[PDB]
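Working notes, structure below.
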Protein chains: 4
Amino acid sequence: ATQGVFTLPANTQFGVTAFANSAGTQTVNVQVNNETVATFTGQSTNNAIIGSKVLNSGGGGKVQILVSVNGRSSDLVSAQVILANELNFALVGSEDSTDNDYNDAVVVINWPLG
Amino acid sequence: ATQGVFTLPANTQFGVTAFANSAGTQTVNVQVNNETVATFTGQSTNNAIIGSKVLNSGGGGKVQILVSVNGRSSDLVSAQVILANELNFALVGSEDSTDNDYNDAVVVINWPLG
Amino acid sequence: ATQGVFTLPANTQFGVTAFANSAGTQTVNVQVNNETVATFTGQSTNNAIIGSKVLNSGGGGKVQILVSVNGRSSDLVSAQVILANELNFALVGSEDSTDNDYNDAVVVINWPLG
Amino acid sequence: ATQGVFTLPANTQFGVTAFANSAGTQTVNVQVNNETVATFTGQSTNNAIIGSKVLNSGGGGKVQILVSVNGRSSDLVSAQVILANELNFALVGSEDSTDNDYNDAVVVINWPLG
Ligand SMILES: CC(=O)N[C@H]1[C@H](O[C@@H]2[C@@H](O)[C@H](O)O[C@H](CO)[C@@H]2O)O[C@H](CO)[C@@H](O[C@@H]2O[C@H](CO)[C@H](O)[C@H](O)[C@H]2O)[C@@H]1O[C@@H]1O[C@@H](C)[C@@H](O)[C@@H](O)[C@@H]1O
Ligand SMILES: CC(=O)N[C@H]1[C@H](O[C@@H]2[C@@H](O)[C@H](O)O[C@H](CO)[C@@H]2O)O[C@H](CO)[C@@H](O[C@@H]2O[C@H](CO)[C@H](O)[C@H](O)[C@H]2O)[C@@H]1O[C@@H]1O[C@@H](C)[C@@H](O)[C@@H](O)[C@@H]1O
Ligand SMILES: CC(=O)N[C@H]1[C@H](O[C@@H]2[C@@H](O)[C@H](O)O[C@H](CO)[C@@H]2O)O[C@H](CO)[C@@H](O[C@@H]2O[C@H](CO)[C@H](O)[C@H](O)[C@H]2O)[C@@H]1O[C@@H]1O[C@@H](C)[C@@H](O)[C@@H](O)[C@@H]1O
Ligand SMILES: CC(=O)N[C@H]1[C@H](O[C@@H]2[C@@H](O)[C@H](O)O[C@H](CO)[C@@H]2O)O[C@H](CO)[C@@H](O[C@@H]2O[C@H](CO)[C@H](O)[C@H](O)[C@H]2O)[C@@H]1O[C@@H]1O[C@@H](C)[C@@H](O)[C@@H](O)[C@@H]1O
Ligand SMILES: [Ca+2]
Ligand SMILES: [Ca+2]
Ligand SMILES: [Ca+2]
Ligand SMILES: [Ca+2]
Ligand SMILES: [Ca+2]
Ligand SMILES: [Ca+2]
Ligand SMILES: [Ca+2]
Ligand SMILES: [Ca+2]
């Protein structure tokens, strides 16, 4: 299945935060309605935050996360969870290698904000 | 039900990150096996990160999140999600008022690291 | 927090299935936009299915699950999870006593259908 | 990532239930520690339960779900969610065609029982 693609409500502010846990430098691309609106880059084996931004979901509400290590696409896994019928998390794990820890870049999207 | 309480694997390094979305200054307490090991304090209405730390789960693996605003406990909601049978998120939302956005402090716990 | 309340997409077919794991006979009330549309009653300590029905979320999309055992409301816990940005589960656990297994009646709501 | 594979607690009773939503007859294979222990077959476009069983996770706790339609493997998506630090769901969607509703066979695994 395609992973890392989420439909948010239109015109909604959301947070995106990425963490790194790999020898490789991670590149996290964030697309909103098919345009790149943020790129986070960094390297850590101890969960450093390599980027955190507030974005708007725009007209279509489509948010897509892509992860690469020097242009090689990582394998992704994702899901969305809703608490209290209101608080949303869109979650991505990624794997750059063969150990299948899926933490090499971890991306958390949250809404609503404010 | 009790919310904000999670069993991690024993003696395991994990990440904890807190975001704020409220007029009120948020105080986030992290307990590991019933002892306070970290406290985050901050204020934002735009999802600012008010703390991020790496901790060890200790003998029992018990991690509890508590959130208060000027000493008044917020109402919590939580769940744990596991992706690819490996990547774990323990998720907390909190509500300091009556609008029930449950984002007033948002806490994300992730493991494994490295 | 209030639990067991979900906003589904409007006018959508959905499944609701209930499982029992308790000495006590479970009564599961399903409301759609604030009207009772199904009641499931049954007893099992081995996960028997005490009801499964197809319902429609109607104009407001509001779905609420309530559980009681011989006239006592059970304590609820709930969340919603979305896979492949499409497959939705709304999940309820309930507790009729003090052991906190939260499985005494388990309710699974799934959509889309067809 | 491999999907539909879960590590349950070892030696634990669990429920497995499958629903069908497709023109195609679904075949759901349940393996426990690499051995087939249940097969559910059926056809519905209205969420009929095509099987529900109680199983034990055995020494390794490994549970794998596989889905095929007339011998062709469906594409799987899965996650595990935990409520109240106690109630577990392992969730599987599958897609037998190109519409990506991922509901063609839906499989719910729940524990603890009793
Ligand atoms: C992206 C990366 O760092 N992956 C692997 C690393 O793989 C790189 C390739 O990506 C690159 O293209 O070629 C080089 C050789 O020129 C290399 O193969 O390989 C290292 C070393 O094997 C591996 O780190 C080791 O991972 C094992 C677990 O499999 C173990 O942790 C060991 O201690 C590490 O040294 C990289 O794996 C990534 O980083 C690790 C630190 C760990 O976080 C893994 O989960 C990552 O996938
Ligand atoms: C902790 C906090 O700031 N909560 C409310 C705030 O509540 C305070 C009480 O905590 C205090 O004890 O008493 C005072 C009055 O004496 C007050 O009731 O009230 C403010 C103003 O109403 C409220 O912010 C408003 O929230 C609404 C939505 O309900 C809306 O966003 C408006 O723009 C706000 O000004 C505080 O609500 C929190 O902060 C908001 C910005 C929002 O993030 C809410 O979700 C928070 O719960
Ligand atoms: C609803 C129910 O069956 N609850 C308890 C049960 O409680 C009932 C009261 O609800 C009723 O008001 O009074 C009767 C006496 O007339 C009784 O107190 O009590 C039984 C017996 O204690 C209890 O089952 C036992 O539960 C323990 C775990 O706490 C353990 O499994 C033991 O083997 C059981 O015999 C009922 O608990 C429920 O059913 C259990 C089988 C189990 O599924 C629990 O999770 C349930 O909550
Ligand atoms: C397994 C199955 O029934 N899949 C499709 C079905 O696909 C079959 C192939 O599996 C087979 O190998 O080849 C034949 C041609 O010989 C055929 O292509 O095709 C039917 C008809 O198109 C399709 O049902 C239709 O699906 C659309 C949406 O794409 C819509 O619901 C329409 O009303 C259906 O008639 C099968 O799709 C499956 O069943 C549907 C009812 C639906 O539940 C889909 O999600 C399923 O994937
Ligand atoms: Ca890796
Ligand atoms: Ca790693
Ligand atoms: Ca609030
Ligand atoms: Ca707020
Ligand atoms: Ca109980
Ligand atoms: Ca029980
Ligand atoms: Ca399909
Ligand atoms: Ca279908």
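Each chain gets a letter, A, B and so on, in the order its sequence line appears, and its residues count up from 1. All values below come from the heavy atoms of this structure, side chains included, with hydrogens, waters and symmetry mates left out.
A side-chain donor-acceptor contact under 3.5 Å links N103(D) to the backbone of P112(C). Under a 3.5 Å cut-off, the side chain of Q26(D) and the backbone N or O of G24(D) do form a donor-acceptor pair. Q3(D) places a side-chain N or O within donor-acceptor distance of the main-chain N or O of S78(D), the cut-off being under 3.5 Å. Formation of a donor-acceptor pair under 3.5 Å by the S44(D) side chain with backbone atoms of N46(D) is found in this model. The backbone N or O of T7(A) lies less than 3.5 Å from a partner atom in the side chain of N85(C), making a donor-acceptor pair.
Residues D101(A) and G114(B) approach most closely at OD2-O, 3.1 Å, considering heavy atoms. Between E95(A) and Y102(A), the shortest heavy-atom distance links the atoms OE1-N, 3.0 Å. Residues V63(C) and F14(C) approach most closely at CG2-CZ, 3.8 Å, considering heavy atoms. Residues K62(A) and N34(A) share a closest heavy-atom pair of NZ-OD1, 2.7 Å. Pairing each heavy atom of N33(A) with each of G61(A), the nearest pair is OD1-N, 3.3 Å. Contact between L83(B) and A79(A) at its shortest, heavy atoms only, is CD2-CB, 3.7 Å.
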From CA spacing to verdict: side chain to side chain contact (heavy atoms under 4.5 Å, CB included), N70(D), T25(D): CA-CA 7 Å; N70(D) 290 20; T25(D) 297; 4.3 Å; yes
Using the rule given for side chain to side chain contact (heavy atoms under 4.5 Å, CB included), can you reason through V92(C) versus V77(C), listing the C-alpha separation, both sets of side-chain angles and the distance that settles it, and then say yes or no? CA-CA 6 Å; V92(C) 183; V77(C) 66; over 6 Å; no
Run the side chain to side chain contact (heavy atoms under 4.5 Å, CB included) test on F19(C) and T17(D) for me, step by step, so that the C-alpha distance in whole Å, both residues' side-chain angles and the decisive distance to 0.1 Å come before the verdict. CA-CA 10 Å; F19(C) 310 82; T17(D) 304; 3.3 Å; yes
Apply side chain to side chain contact (heavy atoms under 4.5 Å, CB included) to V81(C) and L91(C), showing your working. CA-CA 8 Å; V81(C) 54; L91(C) 304 166; 4.1 Å; yes
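Just one of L66(B), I65(B), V107(B) meets the side chain to side chain contact (heavy atoms under 4.5 Å, CB included) condition when paired with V30(B); it is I65(B).
No side-chain heavy atom of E86(A) sits less than 4.5 Å from a side-chain heavy atom of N100(B). Looking only at side-chain heavy atoms (C-beta outward), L55(D) and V16(D) come within less than 4.5 Å of each other. With contacts defined as side-chain heavy-atom distances shorter than 4.5 Å, the pair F89(D)/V108(D) qualifies. Inter-residue side-chain proximity for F6(D) and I109(D) is flagged as met; some heavy-atom pair is nearer than 4.5 Å. When side chains are defined from C-beta on, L76(B) counts as touching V67(B), because their heavy atoms get closer than 4.5 Å. The side-chain heavy atoms of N56(B) and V32(B), taken from C-beta on, include no pair separated by under 4.5 Å.
Put simply, CD on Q64(C) and OG1 on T36(C) are 9.5 Å apart, with the number rounded to the nearest 0.5 Å. Put simply, CD on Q31(B) and CG on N29(B) are 7.0 Å apart, with the number rounded to the nearest 0.5 Å.
Side-chain atoms of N47(D) and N110(C) include a donor-acceptor pair closer than 3.5 Å. Side-chain N/O atoms of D96(A) and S22(A) include a donor and acceptor closer than 3.5 Å. Checking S94(D) against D104(D) by side-chain atom types alone, no donor-acceptor pair falls below 3.5 Å. With 3.5 Å as the limit, one finds a donor-acceptor pair spanning the side chains of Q80(D) and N88(D). Side-chain contact of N21(D) with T45(D): a donor-acceptor pair under 3.5 Å is absent, judged by distance alone.
By the side-chain hydrogen bond (donor to acceptor under 3.5 Å, both in side chains) test, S57(C) is found to be paired with no residue, residues two or more places apart in sequence or in another chain being considered.
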